[PDB]
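Visitor: A single structure is presented below for examination.
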Amino acid sequence: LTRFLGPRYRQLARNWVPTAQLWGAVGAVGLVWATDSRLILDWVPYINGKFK
Amino acid sequence: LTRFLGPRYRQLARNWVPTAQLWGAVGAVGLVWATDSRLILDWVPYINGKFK
Amino acid sequence: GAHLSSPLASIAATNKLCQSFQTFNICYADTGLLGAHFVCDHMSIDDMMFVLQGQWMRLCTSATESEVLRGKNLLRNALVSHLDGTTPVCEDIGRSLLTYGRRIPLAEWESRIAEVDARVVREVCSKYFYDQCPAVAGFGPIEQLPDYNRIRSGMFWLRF
Amino acid sequence: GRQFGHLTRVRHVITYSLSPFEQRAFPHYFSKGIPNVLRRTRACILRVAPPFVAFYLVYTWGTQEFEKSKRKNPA
Amino acid sequence: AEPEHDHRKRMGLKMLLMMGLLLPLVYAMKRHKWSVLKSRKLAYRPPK
Amino acid sequence: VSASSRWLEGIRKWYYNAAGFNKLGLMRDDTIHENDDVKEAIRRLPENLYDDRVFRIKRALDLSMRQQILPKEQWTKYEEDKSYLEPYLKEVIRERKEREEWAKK
Amino acid sequence: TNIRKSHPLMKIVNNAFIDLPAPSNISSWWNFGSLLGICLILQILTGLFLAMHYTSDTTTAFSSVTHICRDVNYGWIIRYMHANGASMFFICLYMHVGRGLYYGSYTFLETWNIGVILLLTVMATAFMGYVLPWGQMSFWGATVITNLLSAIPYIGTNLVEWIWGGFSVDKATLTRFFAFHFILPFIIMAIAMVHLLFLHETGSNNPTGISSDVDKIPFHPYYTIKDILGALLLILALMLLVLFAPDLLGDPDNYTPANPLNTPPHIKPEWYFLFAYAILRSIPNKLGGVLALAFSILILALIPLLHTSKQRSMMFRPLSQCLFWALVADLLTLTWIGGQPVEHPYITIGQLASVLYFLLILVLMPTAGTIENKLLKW
Amino acid sequence: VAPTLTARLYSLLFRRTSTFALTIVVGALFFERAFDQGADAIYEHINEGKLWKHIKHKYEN
Ligand code: HEM
Ligand code: HEM
Ligand SMILES: CO/C=C(/C(=O)OC)c1ccccc1Oc1cc(Oc2ccccc2C#N)ncn1
């Protein structure tokens, strides 16, 4: 708990932050595409084709 | 095949013959009791009680 | 090494199962200790017990004519090689007079040796070895030394 | 997984054991046994029983209060 | 509702009479094997 | 030194007796859970202490199995419960904490 | 050479059941591990002989079960053996978990965590198994529990209707619950194998929580014969139920066919779900219900992170011993409340026991362990 | 009785695992007859007259 609190760890977090952000994008777009989540997919231009 | 043919092996067979005979008796009486094989069990005095 | 007649000795050399073993028949008035002693690595105690116990049992149930003649021959040689010179013979005179009452002549020992066929070995072995409680003495790195119950279990064969 | 001969370092400990065929299975079954069970009941009744006795009271009261709640003497 | 009634009471008696013979017997088997440990004696002999 | 500090000491002697490892001949440090700092402290013990430790654990496991306890006189007295692992375990944690302070900068 | 060691198959059997170094001092509380294995096998062997005669359709779902008990040669013996075996399995699961908690066995992180997965899987099995007879309790238990999944935000209603195969517990629900009830015990056995794989890594813990390396005995014959005697005791308890009291632990409504239009006076689980059923009705919120219900079992996964004591076992821990027995009594309180209606004294003391369960695991027992350390100057 | 009943039982039938198995198998057959019927006879006494085997002579042809 207290052992992971220091300058190196703040650097280590800063180093892996763009990566952990991009995996979130992979997870989200991945979930959105796999379920056909209409709420989000109504916004994207070519995927829009599902006229009720 | 030809390697197991000799005086020692004849002795070794003679040594295990009463044992292999008695395991046959265990197997037979075991099978007879477990199936209730009437053909054999009609001969034994106390077990005889199954009057049609 | 691997070419030794004795199965225990041959397996022990091949698989480096010990530094040594020896059989014994320690005699006292109306009683005695009969079995084996061995010295081995910490990891080799289990195999050594198994291979020895299995040998007692092989002999108890399924001893063979040829190996029994070898045992007879080793004994004839052991008895004659032992009685070599004044100190061994004088020792044999003193001891035998206390334990047997007479000196048993070598011809009689031979006569009693010659009598022992395979049927004798497995009957006599069974009388003493088969399904009996051993006395077990262990010293040194003995974590791998079998539990008494397991040693006791090796004193009989389920196959026989 | 570990096997015998690789477990741990132990030094200078002698264990004397007897063959099961030389000794009786139930040495002093009731003479030594009965005192022992009473001893380890006594050693634990203050840790095991007071939550159950507490449940028993919360059970006995609760059941009583459930029955005498629907009925009423005045209108 | 329960045709098996008579049969289950019958085998139930056989269950109890068997267990009454088997329970002490398996106990005695376990107690026999375990007597090697139950009567075992320890001695600690550290150097001088 | 104090009347109430003698009472904390008597409540501690009470708990010690209630814990009852002394009934199995054990010392307090025998009963510790074996973590990495602990494993190292056992490893760092001298021959005589390790051998005694082994025997005390051996004895208590034997008693545990046969569901017995030691005679009253042979119980480890609270006053003479030698905390043999203390300085070893304190040194191992000291060393760990340094490594962890170093792994921070 | 000894073929027990060399041979690839026998090697496993030797390392698992024969030559395995086991602690000299393990209680009768260590017996339930083997007893659970007996119970899983017993359930597979009785379950299969039932499946040889059972029909998976709402029409003769109830009639096939009747056909088993009435017409099928000794079918009644197999049927009550299976129904009581499921309860036997649950008495054992509980002793086993309790033993793990008392003796600190949870510090085996993976073994324990695989056991949490093992508990959930046996629970999921029994729940689905109960629907199969298609009695009043079978249907009404199913509708009252599945409908909880509606309370999940956004995903909710879609999930229930996906598990349902329609808009209620219907034709399709009975059929799929049989399929899932048939496959799950095998997936259990495979997880139980991985459970044992992780256990053999450390070997067994013991009543003292101190290492037993200095006093290890071979599994055979000591724990072979002790597990035989233990199994003879489990067969006694199982056959006492099957052959003297086959309807004792069961609900009478299951003896009338399912009726979706008529709800029974009482809606109660078999004893093994009563504690958790109580927790659910105790909290008035829909979602809070299911979230406390999942947390009712999922909490066991937190227990290792809430270990605070310098010692492993509770053997030398009196403060923790009292708070342990408080948990067992509190669960027995929740068991009692589960099988009771939702009226006056029961609503209050029900939710009182519910808040206590979570306080006892999350706050109370981790505090006692800290105090016990201070008392030993540790 | 000169050597014990147990001593003569070990010598003749318990030494060999073969005859040990044979004595168990032969002993299992003879036990099943004495038990099944013996326990059935005990079941007769606690249900005297209640059973169809007692009633039987009432409805004959
Ligand atoms: C599918 C039912 C289960 C089976 C078949 C099973 C199997 C067993 C077996 C054979 C053992 C070794 C003997 C013993 O110590 O009892 C054991 C120990 C263990 N099991 Fe399970 N178990 C199951 C349920 C559980 C559950 C539900 C948990 C935890 C929520 C659990 C966690 C453990 C732990 C921690 C041990 C180690 C106990 C120790 O040796 O100190 N198991 N299991
Ligand atoms: C994880 C082990 C198992 C558990 C805990 C379990 C649990 C249950 C339960 C609680 C019941 C309802 C009891 C009743 O009302 O009679 C049931 C019935 C049923 N089970 Fe299982 N069972 C298991 C193994 C299996 C297996 C492996 C099969 C498939 C071979 C199976 C097939 C059946 C069938 C067909 C029924 C309906 C017949 C009946 O109710 O008696 N069971 N089971
Ligand atoms: C189909 O109903 C099966 C039941 C059953 O098998 O009870 C033992 C049952 C019968 C009546 C009422 C409800 C029933 O189902 C259940 C199911 C249940 O599931 C869990 C068990 C333990 C922990 C959490 C949950 C959940 N969710 N908790 C309580 N009752």
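Ligands are numbered from 1 in the order shown, residues from 1 within each chain, and chains are lettered A, B, ... in the order they appear in the structure tokens.
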Taking the backbone alone, and naming residues the way the document does, which bits of chain A are helix (DSSP H, G or I) by DSSP, as a PyMOL selection string?

Guide: chain A and resi 2-4+7-35+38-41

Visitor: List the spatial neighbours of residue 316 (chain G) as a ChimeraX atom specification - criterion: any atom at most 8 Å away, only C-alpha atoms, same-chain residues fewer than 2 positions off excluded.

Guide: /F:18-21 /G:208,313-314,318

Visitor: Could the residues in this selection be written to a file with N, CA and C atoms, as a short mmCIF file (atom, residue, chain, number, x, y, z; two decimals), in the first residue's frame?

Guide:
data_model
loop_
_atom_site.label_atom_id
_atom_site.label_comp_id
_atom_site.auth_asym_id
_atom_site.auth_seq_id
_atom_site.Cartn_x
_atom_site.Cartn_y
_atom_site.Cartn_z
N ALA F 18 -5.43 -17.98 27.89
CA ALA F 18 -6.64 -18.29 27.13
C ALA F 18 -6.30 -18.80 25.71
N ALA F 19 -5.28 -18.19 25.10
CA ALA F 19 -4.72 -18.62 23.81
C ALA F 19 -4.30 -20.09 23.87
N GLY F 20 -3.69 -20.47 24.99
CA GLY F 20 -3.42 -21.86 25.32
C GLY F 20 -2.42 -22.64 24.48
N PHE F 21 -1.53 -21.95 23.75
CA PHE F 21 -0.43 -22.65 23.06
C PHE F 21 0.58 -23.20 24.03
N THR G 208 -3.48 -26.28 14.04
CA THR G 208 -2.62 -25.29 14.75
C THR G 208 -2.26 -24.08 13.87
N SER G 313 -4.20 -19.91 12.43
CA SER G 313 -5.41 -20.55 12.93
C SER G 313 -6.08 -19.77 14.06
N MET G 314 -7.34 -20.12 14.31
CA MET G 314 -8.08 -19.60 15.45
C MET G 314 -7.86 -20.41 16.73
N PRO G 318 -8.95 -16.72 21.17
CA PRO G 318 -10.27 -16.68 21.84
C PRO G 318 -11.23 -15.56 21.41
#

Visitor: Could you tell me how far CA of residue 103 (chain F) lies from CA of residue 90 (chain F), in Å and to one decimal?

Guide: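 The value is 19.9 Å.
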
Visitor: How would you write, as a PyMOL selection string, the set of residues no farther than 6 Å from ligand 1 when counting only C-alpha atoms and all ligand atoms?

Guide: chain G and resi 30-34+36-37+93+97+100+105-106+108+111-112+115-116+118-119+192+204-206

Visitor: Keeping only C-alpha atoms, take the residues you just selected and write them out as a CSV table (one decimal), in the first residue's frame.

Guide:
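Full text of selection-v8.csv as output:
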chain,number,residue,atom,x,y,z
G,30,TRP,CA,-10.5,-32.2,7.0
G,31,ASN,CA,-12.7,-35.1,6.0
G,32,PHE,CA,-15.3,-33.0,4.1
G,33,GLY,CA,-12.9,-32.4,1.2
G,34,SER,CA,-13.1,-36.1,0.3
G,36,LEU,CA,-17.5,-33.5,-1.3
G,37,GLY,CA,-15.8,-35.7,-3.9
G,93,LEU,CA,-19.8,-27.4,1.6
G,97,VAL,CA,-15.9,-23.4,4.1
G,100,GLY,CA,-11.3,-23.0,6.0
G,105,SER,CA,-6.8,-22.2,5.2
G,106,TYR,CA,-7.9,-19.2,2.9
G,108,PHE,CA,-3.9,-20.6,0.1
G,111,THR,CA,-7.0,-23.1,-3.8
G,112,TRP,CA,-9.6,-21.0,-1.8
G,115,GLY,CA,-13.2,-23.1,-4.0
G,116,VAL,CA,-15.3,-19.9,-4.1
G,118,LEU,CA,-16.6,-24.2,-6.8
G,119,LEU,CA,-19.3,-23.1,-4.3
G,192,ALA,CA,-12.3,-29.7,-8.4
G,204,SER,CA,-2.7,-29.4,3.6
G,205,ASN,CA,-2.9,-26.9,6.5
G,206,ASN,CA,-3.6,-28.3,10.1

Visitor: Using only C-alpha atoms, which protein or nucleic acid residues come within 12 Å of residue 31 (chain E)? Drop anything in the same chain fewer than 4 positions from it, and give the result as a VMD selection string.

Guide: (chain D and resid 20 to 21 23 to 27 29) or (chain E and resid 24 to 27 35 to 39) or (chain F and resid 66) or (chain G and resid 221 to 223 225 to 226 229)

Visitor: Excluding residue 46 (chain B) and residues on its chain fewer than 5 positions from it, collect all residues at most 9 Å away from it, counting only C-alpha atoms, and give them as a PyMOL selection string.

Guide: chain H and resi 30+33-34

Visitor: Any chance you can output those residues with N, CA, C and O atoms as a PDB file, in the first residue's frame?

Guide:
ATOM      1  N   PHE H  30     -22.905 -66.807   2.438  1.00  0.00           N
ATOM      2  CA  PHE H  30     -23.555 -67.362   3.628  1.00  0.00           C
ATOM      3  C   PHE H  30     -24.107 -66.282   4.568  1.00  0.00           C
ATOM      4  O   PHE H  30     -25.146 -66.490   5.205  1.00  0.00           O
ATOM      5  N   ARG H  33     -27.598 -64.830   3.070  1.00  0.00           N
ATOM      6  CA  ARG H  33     -28.751 -65.696   3.351  1.00  0.00           C
ATOM      7  C   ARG H  33     -29.238 -65.550   4.803  1.00  0.00           C
ATOM      8  O   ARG H  33     -30.439 -65.355   5.033  1.00  0.00           O
ATOM      9  N   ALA H  34     -28.296 -65.603   5.755  1.00  0.00           N
ATOM     10  CA  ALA H  34     -28.592 -65.445   7.184  1.00  0.00           C
ATOM     11  C   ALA H  34     -29.091 -64.041   7.533  1.00  0.00           C
ATOM     12  O   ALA H  34     -29.978 -63.901   8.376  1.00  0.00           O
TER      13      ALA H  34
END

Visitor: Return as a count of residues only the residues belonging to chain C that are within 8 Å of chain G, counting only C-alpha atoms.

Guide: 6

Visitor: Should the cut-off be 8 Å, what would the residue list for chain C against chain B look like, counting only C-alpha atoms, as a PyMOL selection string?

Guide: chain C and resi 61-66+160

Visitor: Tell me, as a list in words, which residues lie within 12 Å of residue 9 (chain H), counting only C-alpha atoms; anything in the same chain fewer than 6 positions away does not count.

Guide: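 Neighbouring residues, sequence-local ones excluded: residues 1, 3, 15, 16, 19, 20 and 23 of chain H.
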
Visitor: Write out as a PDB file with C-alpha atoms, in the first residue's frame the residues lying within 8 Å of residue 260 (chain G), counting only C-alpha atoms and excluding same-chain residues fewer than 3 positions away.

Guide:
ATOM      1  CA  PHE G 139     -41.691 -22.921 -10.798  1.00  0.00           C
ATOM      2  CA  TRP G 140     -42.314 -20.305  -8.085  1.00  0.00           C
ATOM      3  CA  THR G 263     -48.898 -18.479  -6.196  1.00  0.00           C
TER       4      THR G 263
END

Visitor: Do a neighbour search on residue 79 (chain C) at 9 Å with only C-alpha atoms, toss out local chain neighbours closer than 5 positions, and write the hits as a list in words.

Guide: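 The residues that qualify are residues 74, 106 and 109 of chain C.
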
Visitor: What residues in chain E get the DSSP label strand (DSSP E)? Please answer as a VMD selection string.

Guide: chain E and resid 41 to 44

Visitor: Using only C-alpha atoms and all ligand atoms, determine which residues fall within 8 Å of ligand 3, then list them as a PyMOL selection string.

Guide: chain G and resi 120+123-124+126-131+137-145+148+267-277+290+293-294+296-297

Visitor: Go ahead and write the residues just picked, N, CA and C atoms, as a compact mmCIF listing (two decimals), in the first residue's frame.

Guide:
# COMPACT_ATOMS: atom_id res chain seq x y z
N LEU G 120 -20.12 -21.44 -5.90
CA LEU G 120 -21.06 -20.78 -6.83
C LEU G 120 -21.62 -21.75 -7.87
N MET G 123 -24.01 -24.27 -6.28
CA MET G 123 -25.23 -23.49 -5.99
C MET G 123 -26.07 -23.35 -7.25
N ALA G 124 -25.44 -22.86 -8.33
CA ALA G 124 -26.08 -22.71 -9.65
C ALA G 124 -26.68 -24.01 -10.16
N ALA G 126 -27.74 -26.72 -8.17
CA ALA G 126 -28.86 -27.11 -7.31
C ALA G 126 -30.12 -26.29 -7.58
N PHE G 127 -29.92 -24.98 -7.80
CA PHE G 127 -30.99 -24.04 -8.17
C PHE G 127 -31.72 -24.51 -9.44
N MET G 128 -30.93 -24.83 -10.48
CA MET G 128 -31.45 -25.33 -11.76
C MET G 128 -32.07 -26.74 -11.65
N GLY G 129 -31.48 -27.57 -10.77
CA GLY G 129 -31.95 -28.92 -10.51
C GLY G 129 -33.31 -28.99 -9.89
N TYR G 130 -33.60 -28.03 -9.00
CA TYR G 130 -34.88 -27.91 -8.31
C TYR G 130 -36.07 -27.62 -9.24
N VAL G 131 -35.83 -26.85 -10.31
CA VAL G 131 -36.84 -26.52 -11.34
C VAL G 131 -37.33 -27.79 -12.08
N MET G 137 -43.22 -25.35 -6.09
CA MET G 137 -42.01 -24.70 -5.59
C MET G 137 -40.91 -24.56 -6.62
N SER G 138 -40.85 -25.54 -7.53
CA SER G 138 -39.91 -25.55 -8.66
C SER G 138 -40.09 -24.32 -9.57
N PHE G 139 -41.35 -24.05 -9.94
CA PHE G 139 -41.69 -22.92 -10.80
C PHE G 139 -41.60 -21.60 -10.05
N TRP G 140 -42.23 -21.54 -8.87
CA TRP G 140 -42.31 -20.30 -8.09
C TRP G 140 -41.01 -19.85 -7.45
N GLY G 141 -40.13 -20.81 -7.15
CA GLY G 141 -38.76 -20.51 -6.78
C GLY G 141 -38.02 -19.88 -7.95
N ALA G 142 -38.23 -20.43 -9.16
CA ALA G 142 -37.57 -19.98 -10.38
C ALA G 142 -37.96 -18.57 -10.77
N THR G 143 -39.27 -18.29 -10.77
CA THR G 143 -39.82 -16.96 -11.08
C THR G 143 -39.40 -15.90 -10.07
N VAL G 144 -39.34 -16.27 -8.79
CA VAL G 144 -39.00 -15.32 -7.73
C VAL G 144 -37.51 -14.92 -7.67
N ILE G 145 -36.66 -15.75 -8.27
CA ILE G 145 -35.20 -15.55 -8.25
C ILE G 145 -34.67 -14.95 -9.55
N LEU G 148 -35.08 -11.16 -10.34
CA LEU G 148 -34.13 -10.25 -9.68
C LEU G 148 -33.20 -9.58 -10.67
N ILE G 267 -43.27 -19.07 -0.01
CA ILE G 267 -42.27 -19.32 -1.05
C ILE G 267 -40.90 -19.47 -0.36
N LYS G 268 -40.57 -20.72 -0.03
CA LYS G 268 -39.31 -21.03 0.66
C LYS G 268 -38.35 -22.04 -0.02
N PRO G 269 -37.06 -21.69 -0.06
CA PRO G 269 -36.01 -22.62 -0.50
C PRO G 269 -35.85 -23.83 0.42
N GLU G 270 -35.10 -24.83 -0.08
CA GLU G 270 -34.51 -25.88 0.76
C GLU G 270 -33.52 -25.16 1.71
N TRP G 271 -33.29 -25.75 2.88
CA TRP G 271 -32.49 -25.14 3.95
C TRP G 271 -31.19 -24.42 3.52
N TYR G 272 -30.51 -24.98 2.51
CA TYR G 272 -29.22 -24.50 2.04
C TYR G 272 -29.19 -23.13 1.33
N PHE G 273 -30.36 -22.60 1.00
CA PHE G 273 -30.48 -21.27 0.39
C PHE G 273 -31.22 -20.25 1.33
N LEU G 274 -31.76 -20.76 2.45
CA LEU G 274 -32.57 -19.97 3.39
C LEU G 274 -31.86 -18.74 3.98
N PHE G 275 -30.59 -18.90 4.36
CA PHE G 275 -29.77 -17.79 4.89
C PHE G 275 -29.67 -16.60 3.90
N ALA G 276 -29.46 -16.95 2.61
CA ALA G 276 -29.30 -15.98 1.51
C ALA G 276 -30.64 -15.42 1.06
N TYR G 277 -31.69 -16.25 1.15
CA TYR G 277 -33.06 -15.83 0.87
C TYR G 277 -33.52 -14.75 1.87
N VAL G 290 -30.19 -7.82 -4.91
CA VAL G 290 -29.27 -8.66 -5.70
C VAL G 290 -27.79 -8.35 -5.43
N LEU G 293 -27.06 -9.86 -2.31
CA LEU G 293 -27.18 -11.30 -2.54
C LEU G 293 -25.93 -11.92 -3.17
N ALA G 294 -25.34 -11.20 -4.13
CA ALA G 294 -24.09 -11.60 -4.75
C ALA G 294 -22.96 -11.45 -3.72
N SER G 296 -23.17 -11.75 -0.66
CA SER G 296 -23.37 -12.81 0.35
C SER G 296 -22.38 -14.00 0.22
N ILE G 297 -21.99 -14.31 -1.02
CA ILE G 297 -21.04 -15.40 -1.30
C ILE G 297 -19.68 -14.85 -1.76

Visitor: What separation in Å, quoted to one decimal, exists between CA of residue 63 (chain D) and CA of residue 327 (chain G)?

Guide: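 Separation between CA of residue 63 (chain D) and CA of residue 327 (chain G): 21.2 Å.
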
Visitor: Pull out every residue of chain C that has at least one atom within 12 Å of chain H, counting only C-alpha atoms, and report them as a PDB file with C-alpha atoms, in the first residue's frame.

Guide:
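Okay, out36.pdb is ready:
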ATOM      1  CA  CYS C  60       8.906 -66.680   0.387  1.00  0.00           C
ATOM      2  CA  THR C  61       6.470 -67.495  -2.463  1.00  0.00           C
ATOM      3  CA  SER C 126       7.671 -68.111   5.017  1.00  0.00           C
ATOM      4  CA  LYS C 127       7.891 -69.467   8.596  1.00  0.00           C
ATOM      5  CA  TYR C 130       6.001 -63.946   5.533  1.00  0.00           C
ATOM      6  CA  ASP C 131       3.425 -61.678   7.187  1.00  0.00           C
ATOM      7  CA  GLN C 132       5.494 -60.882  10.283  1.00  0.00           C
ATOM      8  CA  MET C 155       5.843 -58.129   4.653  1.00  0.00           C
ATOM      9  CA  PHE C 156       3.014 -59.718   2.614  1.00  0.00           C
ATOM     10  CA  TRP C 157       1.915 -59.919  -1.024  1.00  0.00           C
ATOM     11  CA  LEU C 158      -1.700 -59.339  -2.068  1.00  0.00           C
ATOM     12  CA  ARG C 159      -0.971 -61.481  -5.199  1.00  0.00           C
ATOM     13  CA  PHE C 160      -0.123 -64.610  -3.180  1.00  0.00           C
TER      14      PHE C 160
END

Visitor: As number ranges by chain, could you give me every residue of chain C near chain D (at most 6 Å apart, counting only C-alpha atoms)?

Guide: C: 42-43, 143-144

Visitor: Quick one: write out the picked residues with N, CA and C atoms as a PDB file, in the first residue's frame?

Guide:
ATOM      1  N   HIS C  42      19.675 -39.923   1.244  1.00  0.00           N
ATOM      2  CA  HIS C  42      18.357 -39.526   1.793  1.00  0.00           C
ATOM      3  C   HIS C  42      17.147 -39.798   0.891  1.00  0.00           C
ATOM      4  N   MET C  43      17.327 -39.629  -0.426  1.00  0.00           N
ATOM      5  CA  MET C  43      16.270 -39.889  -1.422  1.00  0.00           C
ATOM      6  C   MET C  43      16.083 -41.359  -1.833  1.00  0.00           C
ATOM      7  N   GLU C 143      13.942 -38.935   6.777  1.00  0.00           N
ATOM      8  CA  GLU C 143      12.626 -38.405   6.347  1.00  0.00           C
ATOM      9  C   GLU C 143      11.934 -39.306   5.318  1.00  0.00           C
ATOM     10  N   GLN C 144      12.704 -39.906   4.420  1.00  0.00           N
ATOM     11  CA  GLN C 144      12.127 -40.795   3.413  1.00  0.00           C
ATOM     12  C   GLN C 144      11.954 -42.253   3.869  1.00  0.00           C
TER      13      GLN C 144
END
